[PDB]
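**Q** Take a look at the following structure, please.
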Ligand SMILES: Cn1cc(NS(=O)(=O)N2CCC[C@H](C(N)=O)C2)cn1
Ligand SMILES: [Zn+2]
């Protein structure tokens, strides 16, 4: 679990969104596994605006942060799960590292701020849903 809080927005994995998230829906994209809902309180997270390919992510299944190199956002095949059939997930970045499903929502951060959140995993790789292109999160 986990979310990004920036301005009056909350960014979560779409497959973990709550009833309140859907009742205050701002934007959602099944192909990216993202959902953004509105909040009443102000968010203070800083979103990175860059092309970094190195950062640190939080892994709840190890209670640890790991430094990683990660690929540029791209269209990646994701095998079927209880939340989606087998499909291409867009704007996904991969790194060599550990993750389990409950790790979804952990933040990946570079020197510039929040890059994205844990979204996929398996075969010793971890995938992060990029949020650097969502320029509207800051206005
Ligand atoms: C973070 N993580 C996720 C998994 N398992 S998964 O890749 O099957 N995952 C299950 C939950 C939905 C995910 C998606 N974005 O389609 C895929 C293992 N580690
Ligand atoms: Zn960066």
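Along the chain as shown, the residues are counted starting at 1.
Cβ coordinates are placed from backbone N, Cα and C, and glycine is handled just like the others.
Summarising the annotation, Swiss-Prot assigns active site, for protease 2A activity to 15, 33, 104. Summarising the annotation, Swiss-Prot assigns Zn(2+) 1 binding site to 50, 52, 110, 112.
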**Q** Taking ligand 1 as the reference, state which of the binding-site residues 50, 52, 110, 112 have a Cβ closer than 6 Å to one of its atoms.
**A** none
**Q** Tell me the Cα distance separating residue 110 (Zn(2+) 1 binding site) from residue 15 (active site, for protease 2A activity), rounded to the nearest angstrom.
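**A** Approximately 25 Å lies between the Cα of residue 15 (active site, for protease 2A activity) and that of residue 110 (Zn(2+) 1 binding site).
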**Q** Going by a 10 angstroms cut-off between Cβ atoms, which of the recorded positions 50, 104 has the sparsest surroundings?
**A** 50
**Q** Whose Cβ lies within 8 Å of the mean position of the Cβ atoms of 50, 52, 110, 112, the Zn(2+) 1 site, other than those residues?
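**A** Filtered neighbour residues, in order: 48, 49, 51, 55, 111, 113, 115, 132.
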**Q** At the level of the C-alpha atoms, what whole-angstrom distance separates residue 33 (active site, for protease 2A activity) and residue 112 (Zn(2+) 1 binding site)?
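**A** So the alpha carbons of residue 33 (active site, for protease 2A activity) and residue 112 (Zn(2+) 1 binding site) sit roughly 23 Å from each other.
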**Q** Please list the recorded positions from 15, 33, 104, 112 whose Cβ falls under 6 Å of any atom in ligand 2.
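**A** If the test is a Cβ under 6 Å from any atom of ligand 2, the answer is 112.
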**Q** List the Cα distance (Å, whole number) between residue 112 (Zn(2+) 1 binding site) and residue 104 (active site, for protease 2A activity).
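**A** Each residue's Cα considered, residue 112 (Zn(2+) 1 binding site) and residue 104 (active site, for protease 2A activity) end up 21 Å apart.
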**Q** List the Cα distance (Å, whole number) between residue 50 (Zn(2+) 1 binding site) and residue 104 (active site, for protease 2A activity).
**A** 23
**Q** Quick one: pull the CA-CA distance for residue 104 (active site, for protease 2A activity) versus residue 110 (Zn(2+) 1 binding site), whole Å only.
**A** 18
